[PDB]
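To find a chain, count down the sequence lines: A is the first, B the second, and so on, and within it residues start at 1. Heavy-atom basis, side chains included; hydrogens, waters and symmetry copies ignored.
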Amino acid sequence: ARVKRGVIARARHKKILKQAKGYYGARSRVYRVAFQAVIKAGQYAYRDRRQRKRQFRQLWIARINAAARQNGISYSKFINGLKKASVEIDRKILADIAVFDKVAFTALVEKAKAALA
Amino acid sequence: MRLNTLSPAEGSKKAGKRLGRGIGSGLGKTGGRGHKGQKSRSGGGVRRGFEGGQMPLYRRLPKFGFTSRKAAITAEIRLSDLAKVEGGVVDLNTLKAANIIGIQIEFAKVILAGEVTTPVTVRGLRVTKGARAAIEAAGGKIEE
Amino acid sequence: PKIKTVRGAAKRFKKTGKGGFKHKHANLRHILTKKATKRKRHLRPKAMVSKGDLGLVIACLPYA
Amino acid sequence: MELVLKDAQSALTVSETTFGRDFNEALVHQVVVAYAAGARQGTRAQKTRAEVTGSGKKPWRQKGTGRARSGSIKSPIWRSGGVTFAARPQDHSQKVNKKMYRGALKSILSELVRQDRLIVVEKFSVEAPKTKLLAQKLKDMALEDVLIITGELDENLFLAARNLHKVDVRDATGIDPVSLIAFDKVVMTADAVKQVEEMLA
RNA sequence: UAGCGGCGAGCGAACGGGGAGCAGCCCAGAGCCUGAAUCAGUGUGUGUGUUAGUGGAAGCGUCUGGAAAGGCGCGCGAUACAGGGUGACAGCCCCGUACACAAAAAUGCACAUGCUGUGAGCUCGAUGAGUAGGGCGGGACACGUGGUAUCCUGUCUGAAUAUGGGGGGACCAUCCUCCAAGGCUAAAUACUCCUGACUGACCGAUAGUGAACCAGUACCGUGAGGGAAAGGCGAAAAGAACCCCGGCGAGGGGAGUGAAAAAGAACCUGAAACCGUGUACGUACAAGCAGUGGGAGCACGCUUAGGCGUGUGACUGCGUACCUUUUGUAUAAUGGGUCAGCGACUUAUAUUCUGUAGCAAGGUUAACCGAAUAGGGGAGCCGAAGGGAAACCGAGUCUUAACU
Ligand SMILES: [Mg+2]
Ligand SMILES: [Mg+2]
Ligand SMILES: [Mg+2]
Ligand SMILES: [Mg+2]
Ligand SMILES: [Mg+2]
Ligand SMILES: [Mg+2]
Ligand SMILES: [Mg+2]
Ligand SMILES: [Mg+2]
Ligand SMILES: [Mg+2]
Ligand SMILES: [Mg+2]
Ligand SMILES: [Mg+2]
Ligand SMILES: [Mg+2]
Ligand SMILES: [Mg+2]
Ligand SMILES: [Mg+2]
Ligand SMILES: [Mg+2]
Ligand SMILES: [Mg+2]
Ligand SMILES: [Mg+2]
Ligand SMILES: [Mg+2]
Ligand SMILES: [Mg+2]
Ligand SMILES: [Mg+2]
Ligand SMILES: [Mg+2]
Ligand SMILES: [Mg+2]
Ligand SMILES: [Mg+2]
Ligand SMILES: [Mg+2]
Ligand SMILES: [Mg+2]
Ligand SMILES: [Mg+2]
Ligand SMILES: [Mg+2]
Ligand SMILES: [Mg+2]
Ligand SMILES: [Mg+2]
Ligand SMILES: [Mg+2]
Ligand SMILES: [Mg+2]
Ligand SMILES: [Mg+2]
Ligand SMILES: [Mg+2]
């Protein structure tokens with residue numbers, strides 16, 4: 001029962017090199033190198049599904065801050081104000097409104113100010 | 001029931017280990033041998049009883065006894081054996097014929113093991129105190 | 001082929017009814033005058049092989 | 001229990017422990033796997049590094065050349081080298097406990113009955129060693145893929161059956177586990193039953 | 001196992017039991033009867049094997065296709081459906097196969113018979129001496145000089161004679177058993193350079209022989225010796241007439257053959273590394289494992305819009321490869337130029353445990369027989385009894401005079 005490995009091995013290498021498309025040089029041509037590239041790609045990707053949630057929140061905050069300061073209050077007090085007003089709109093939505101409905105954002109600032117006054 | 005609808009009892013054909021076939025298997029690389037040293041090597045390992053150099057237990061301790069050539073031609077008979085002989089007479093020959101003692105046995109003892117529920121005539125055999133009580137209770141006879 | 005008995009083990013251990021091994025005590029061969037009578041008395045009777053050593057003895061006596 | 005004769009419209013009295021017991025599949029499996037293994041010839045070999053042709057000369061000095069150290073031109077690492085765990089003729093047969101053998105047969109016969117694959121008749125023979133006659137008889141009986149088991153060897157029947165691929169003929173003494181399974185129907189003469197019964201105590 | 005054993009590592013019987021096979025003779029001598037059984041060499045006969053061979057059943061229509069053995073229809077042979085070949089997969093086209101047959105000649109083996117030679121049965125004898133034994137040194141016996149019987153003998157010695165002698169594991173007695181120092185003998189047993197037939201959960205061109213091929217070659221070496229690489233057009237060569245560029249080239253473009261030249265001789269399939277031509281997108285103010293997360297723009301498809309697929313990726317957050325070895329490696333420690341193929345926990349027998357199955361105080365047979373994976377074979381082995389060094393006692397036993 002002698003077993004030849006070509007068909008199985010070829011499918012295995014091809015499955016990796018296909019995931020390496022777009023990579024530079026040996027990384028998209030040469031199995032040994034492609035394999036290490038695909039692994040590192042998964043590692044980073046795992047890492048960055050966690051990081052992605054960090055970077056976006058960091059973006060929202062920064063924009064809320066800008067829009068808050070435009071209406072004369074700082075991010076930190078604005079958040080405290082809204083918390084004391086039992087407003088529960090989160091930061092993704094608040095950052096959207098900061099950009100697309102400047103009049104509603106101002107109204108949110110007045111609700112924050114009132115709750116702090 | 002066809003040659004392609006028969007299968008073995010659950011758990012009766014466990015699969016063999018195959019070392020050295022990668023990370024997923026759990027037995028890759030070192031193959032469960034750990035790292036380095038004598039035991040990791042092909043053909044590596046120490047002999048039975050070896051303890052590292054210390055005088056081992058089977059040399060530490062002293063020899064005792066001798067072997068009795070007589071014990072080996074001496075057999076014990078159970079009460080449960082007495083009915084298994086054709087003729088209700090138990091001798092060395094009878095017991096040999098019924099395959100109860102070895103062909104070269106020259107002495108035998110009936111002991112209190114199992115039971116006897118039929119009258120038997122034991123003869124040319126030693127009989128234990130208990131066995132004599134049991135053999136006689138069932139109507140049997142002992143004689144030299 | 002058949003496993004071979006470590007024959008020197010077979011001259012020092014005997015299997016008992018429940019599967020352990022009996023053996024003779026060390027220290028009662030010579031240099032006896034200095035040894036207390038009490039001490040020597042307690043070395044006369046046979047003793048049982050300890051838990052730590054059964055693996056070793058059993059390995060040496062596959063046909064015990 | 002009683003087996004209805006196909007066309008005698010008569011009954012035959014058989015041992016319930018033989019023809020009437022539960023299917024022990026694990027038991028049957030072990031015996032048919034053992035039978036198939038017992039049919040293996042086991043004849044082959046390959047060459048170890050010791051048996052490959054060539055000499056024991058070290059292909060190059062141990063140190064200094066920059067090549068991986070080598071020792072034998074027949075190393076199994078090497079093209080043209082020995083096979084690391086080269087094969088030898090082996091005997092693949094297995095022991096089957098006598099009682100496990102008979103038990104397996106009993107279970108088989110009992111499923112055949114239970115699956116209506118067992119057919120009993122008074123006689124089964126042909127008038128001449130002509131394949132055409134057997135074929136004809138089989139058509140008339142609505143049989144095609146079938147094991148015929150008779151009491152004593154029947155020569156005509158044996159010869160007439162040989163070129164029929166879906167048909168095998170067998171005297172009661174020579175039955176086997178995989179034949180009892182491998183055909184759609186099994187036809188047995190009364191005598192064959194009486195003999196198999198005696199055989200399975 | 002009993003034993004041997006720096007009683008270490010190891011070495012390892014025999015008695016007895018089950019089987020295969022079975023076969024018993026001659027000389028050490030003269031007489032009487034005498035060619036009387038036997039063997040061999042060998043003529044002849046028949047028998048029968050081998051070395052060439054002979055016969056050997058039964059299918060046609062239709063569809064697809066370059067081709068039919070394939071599909072579909074309806075037939076037929078089969079003691080032959082083992083296998084192979086034929087333009088794709090054939091019981092019925094071919095070769096075979098089942099079965100039935102055959103030798104002028106040489107040869108094997110067998111009974112029969114002639115022959116040269118060998119001697120049969122009978123009576124009365126005879127009965128293996130530098131031998132057995134022994135001292136010394138070694139060797140062989142499972143047995144290593146041990147308390148060491150038995151065997152062989154290099155050296156020195158040296159008996160008895162059936163009223164005798166050997167052995168029974170130091171040695172002695174008793175008893176039992178056998179008869180050395182002369183020889184022959186078939187079967188059961190071991191093997192395969194070779195011949196024929198058949199088979200394989202053996203390989204299928206880096207495998208299987210070193211060798212599928214003009215291989216023990218080419219090649220290396222003074223020599224012994226070492227020792228490769230290297231299979232596939234197509235069904236059929238129908239292997240490309242003829243024309244054109246070119247050196248009466250290499251190479252190519254047509255034509256033609258073919259089902260196909262997406263088979264053209266470097267010829268089935270035709271992967272990967274590696275190298276090109278073409279298009280889309282990016283790229284010449286920009287610093288690092290080259291990706292990943294966010295993301296404009298362009299190109300290309302959508303959906304008929306919907307802020308979606310695909311490719312690209314300005315800009316931006318994070319981010320020092322893998323293996324190995326280590327307390328610890330981006331490590332300036334190891335290993336890998338890349339790809340493809342190969343490359344490492346097996347196998348046999350013992351042993352124990354787990355899982356599973358059978359039978360259960362029983363379970364199971366081995367060699368072998370065989371009606372051959374059945375059935376026979378229970379010789380054995382493990383288990384239902386232990387304790388004691390042992391004798392021995394025994395559900396107990398040992399310890400001790402005896403155990404609270
Ligand atoms: Mg690519
Ligand atoms: Mg990382
Ligand atoms: Mg295994
Ligand atoms: Mg290592
Ligand atoms: Mg270490
Ligand atoms: Mg270790
Ligand atoms: Mg027995
Ligand atoms: Mg002492
Ligand atoms: Mg090879
Ligand atoms: Mg059997
Ligand atoms: Mg041996
Ligand atoms: Mg014998
Ligand atoms: Mg015989
Ligand atoms: Mg023909
Ligand atoms: Mg074709
Ligand atoms: Mg003599
Ligand atoms: Mg002698
Ligand atoms: Mg001594
Ligand atoms: Mg003689
Ligand atoms: Mg041959
Ligand atoms: Mg080759
Ligand atoms: Mg190939
Ligand atoms: Mg040309
Ligand atoms: Mg054409
Ligand atoms: Mg062309
Ligand atoms: Mg090609
Ligand atoms: Mg620029
Ligand atoms: Mg740079
Ligand atoms: Mg260090
Ligand atoms: Mg680090
Ligand atoms: Mg490095
Ligand atoms: Mg390097
Ligand atoms: Mg590779």
Side-chain angles (χ1 to χ4, degrees), chain A residues 1-2 4-6 10 13 23-27 29-33 35-37 39-41 43-45 47-49 51-52 55-56, chain B residues 8-14 17-20 31 42 47 59 63-71 76 78 80 99 103-104 109 111-114 128-130, chain C residues 1-5 7-8 11 17 44-45 58 62-63, chain D residues 24 26-27 30 34-35 38-47 52-55 57 76-80 84-85 87-88 90 92-93 96-101 103 129-132 159-160 162-165 173-176 199:
Chain A
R2 181 160 179 262
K4 303 172 76 153
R5 315 179 231 156
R10 165 103 301 259
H13 284 203
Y23 295 173
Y24 175 61
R27 295 164 178 269
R29 295 169 171 77
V30 165
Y31 174 80
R32 282 178 200 243
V33 190
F35 180 68
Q36 297 176 189
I39 281 178
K40 182 55 132 291
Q43 289 173 270
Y44 282 145
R47 184 195 74 170
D48 288 343
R49 290 197 287 274
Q51 286 194 13
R52 185 204 286 128
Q55 293 187 29
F56 272 108
Chain B
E10 175 62 65
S12 66
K13 296 247 189 183
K14 178 184 202 338
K17 293 183 168 181
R18 304 176 64 244
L19 303 187
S42 168
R47 57 172 196 247
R59 291 243 259 140
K63 302 200 292 193
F64 70 88
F66 72 100
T67 298
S68 165
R69 301 187 94 246
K70 197 166 186 181
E76 76 190 16
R78 296 165 162 67
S80 76
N99 207 26
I103 302 303
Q104 296 234 91
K109 287 204 76 171
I111 62 174
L112 197 74
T128 64
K129 216 185 207 210
Chain C
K2 300 180 185 186
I3 306 192
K4 293 229 187 179
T5 297
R7 293 250 75 201
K11 293 167 164 163
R44 250 205 300 292
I58 296 169
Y63 292 97
Chain D
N24 189 331
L27 179 53
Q30 174 165 7
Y35 188 93
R40 293 186 65 163
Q41 196 171 275
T43 54
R44 62 163 182 161
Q46 293 104 43
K47 280 167 162 50
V52 172
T53 306
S55 95
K57 163 80 169 143
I77 294 183
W78 281 31
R79 163 185 188 283
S80 318
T84 308
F85 299 114
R88 299 318 185 217
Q90 49 203 141
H92 299 267
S93 66
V96 195
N97 293 7
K98 293 188 199 183
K99 272 169 190 167
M100 294 187 60
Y101 174 83
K130 304 253 72 187
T131 317
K132 175 188 260 254
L159 288 169
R162 197 158 57 174
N163 219 33
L164 300 191
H165 174 257
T173 305
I175 64 169
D176 73 280
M199 268 163 51

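- Contacts of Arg27(A) with the nucleic acid, taken as non-hydrogen atoms under 4.0 Å apart, include base atoms.
- The side chain to side chain donor-acceptor pair (under 3.5 Å) check on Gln55(A) picks up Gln51(A), with sequence neighbours excluded.
- Pairing status of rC322(E) against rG335(E): a Watson-Crick or G-U wobble pair, both distances under 3.5 Å.
- At the heavy-atom level, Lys98(D) lies under 4.0 Å from base atoms of the strands shown.
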Show the distances under 3.5 angstrom between N or O atoms of the protein and N or O atoms of nucleotides 400-402 of chain E.
none

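- Side-chain atoms of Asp48(A) stay outside donor-acceptor range of the base of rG294(E), with no qualifying N/O pair under 3.5 Å.
- Judged by the sign of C1'-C2'-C3'-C4', the sugar at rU42(E) is north, the angle being positive.
- Here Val33(A) lies out of heavy-atom contact (under 4.0 Å) with every strand.
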So which protein nitrogen or oxygen atoms get under 3.5 Å of nucleotides 190-198 of chain E's nitrogens or oxygens?
none

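- In terms of polar N and O atoms assigned as donor or acceptor, the side chain of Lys2(C) never comes within less than 3.5 Å of the base of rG12(E) in a complementary pairing.
- Contact annotation for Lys11(C): base contact, defined as any heavy-atom pair under 4.0 Å involving a base atom.
- Residue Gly6(A) is in sugar-phosphate contact alone, with no base atom involved, counting any heavy-atom pair closer than 4.0 Å across all strands shown.
- At a cut-off of 3.5 angstrom, counting only N and O atoms as typed in the model, there is no donor on one side facing an acceptor on the other between the side-chain of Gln55(A) and the base of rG294(E).
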- Message: Within the 4.0 Å limit for protein heavy atoms, which parts of nucleotides 213-222 of chain E are touched? Write it as a string from 5' to 3', B for base, S for sugar-phosphate only, - for none.
- Response: ---B------
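- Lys47(D) places its NZ atom 12 Å from the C1' atom of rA211(E), with the value rounded to the nearest Å.
- Here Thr128(B) reaches the OP1 or OP2 of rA395(E): one of its side-chain N or O atoms lies under 4.0 Å away.
- Contact check for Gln90(D) versus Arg44(D): side-chain heavy atoms found under the 4.5 Å cut-off.
- No stacking contact links strand neighbours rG319(E) and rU320(E) by the limits of base ring centres under 5.5 angstrom apart and planes under 30 degrees.
- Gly130(B) comes within 4.0 angstrom of sugar-phosphate atoms only, judged by non-hydrogen atoms across all strands, and of no base.
- Using a 4.0 Å heavy-atom criterion, one finds that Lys57(D) contacts no nucleic acid atom at all.
- Computed from coordinates, the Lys4(A) NZ to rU206(E) P distance equals 8 Å when rounded to whole Å.
- Comparing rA348(E), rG77(E), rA357(E) against the side chain of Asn163(D) picks out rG77(E) as the nearest.
- Among the atoms of the strands shown, base atoms are found under 4.0 Å from some heavy atom of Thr43(D).
- The glycosidic torsion of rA286(E) lies within 90° of 0, which places this base in the syn conformation.
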Pairs under 3.5 Å (N/O, protein and nucleotides 270-273 of chain E):
unit_1, atom_1, unit_2, atom_2, d
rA271(E), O2', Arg10(A), NE, 3.4
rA271(E), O2', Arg10(A), NH1, 3.3

- A correct 5'-to-3' footprint of nucleotides 14-19 of chain E, with B, S and - meaning base, sugar-phosphate only and no protein heavy atom under 4.0 Å, is -BS---
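- Remark: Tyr31(A) pairs with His13(A), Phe35(A) by the ring pair (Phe, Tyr, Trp, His ring centres under 6.0 Å) rule, at least two apart or across chains.
- Residue contacts shown for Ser42(B) are absent, as no nucleic acid heavy atom lies under 4.0 Å away.
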With 3.5 Å as the limit, what N/O pairs link the protein to nucleotides 367-373 of chain E?
unit_1, atom_1, unit_2, atom_2, d
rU373(E), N3, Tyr35(D), O, 2.8

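- With a cut-off of 3.5 Å on both pairing distances, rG256(E) has no Watson-Crick or G-U wobble partner at all.
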Any N/O pairs under 3.5 Å between the protein and nucleotides 8-11 of chain E? List them or say none.
unit_1, atom_1, unit_2, atom_2, d
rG8(E), OP1, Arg12(C), NH2, 3.2
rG8(E), OP2, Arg12(C), NH1, 3.0
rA9(E), OP1, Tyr58(B), OH, 2.6
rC11(E), OP2, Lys4(C), NZ, 2.8

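- Base stacking between strand neighbours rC11(E) and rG12(E) is present, with six-membered ring centres closer than 5.5 Å and ring planes inclined by less than 30 degrees.
- The base of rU292(E) does not engage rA180(E) as a Watson-Crick or G-U wobble partner with both distances under 3.5 Å.
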Under 3.5 Å, N/O pairs linking protein and nucleotides 319-324 of chain E:
unit_1, atom_1, unit_2, atom_2, d
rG319(E), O4', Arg47(A), NH1, 3.1
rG319(E), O2', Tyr44(A), OH, 2.8
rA321(E), OP1, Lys40(A), NZ, 3.2
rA321(E), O5', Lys40(A), NZ, 3.1
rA321(E), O2', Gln36(A), NE2, 3.3
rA321(E), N3, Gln36(A), NE2, 3.2
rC322(E), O4', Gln36(A), OE1, 3.3
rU324(E), OP1, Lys29(B), NZ, 2.9

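- Pairing check for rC176(E) against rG167(E): the Watson-Crick or wobble criterion is satisfied, both distances under 3.5 Å.
- The side chain to side chain donor-acceptor pair (under 3.5 Å) check on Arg40(D) picks up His92(D), with sequence neighbours excluded.
- Looking at heavy-atom distances under 4.0 Å, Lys99(D) makes contact with sugar-phosphate atoms alone, never a base.
- Scanning for side chain to side chain donor-acceptor pair (under 3.5 Å) contacts around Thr53(D) gives an empty result, with sequence neighbours left out.
- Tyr24(A) comes within 4.0 angstrom of sugar-phosphate atoms only, judged by non-hydrogen atoms across all strands, and of no base.
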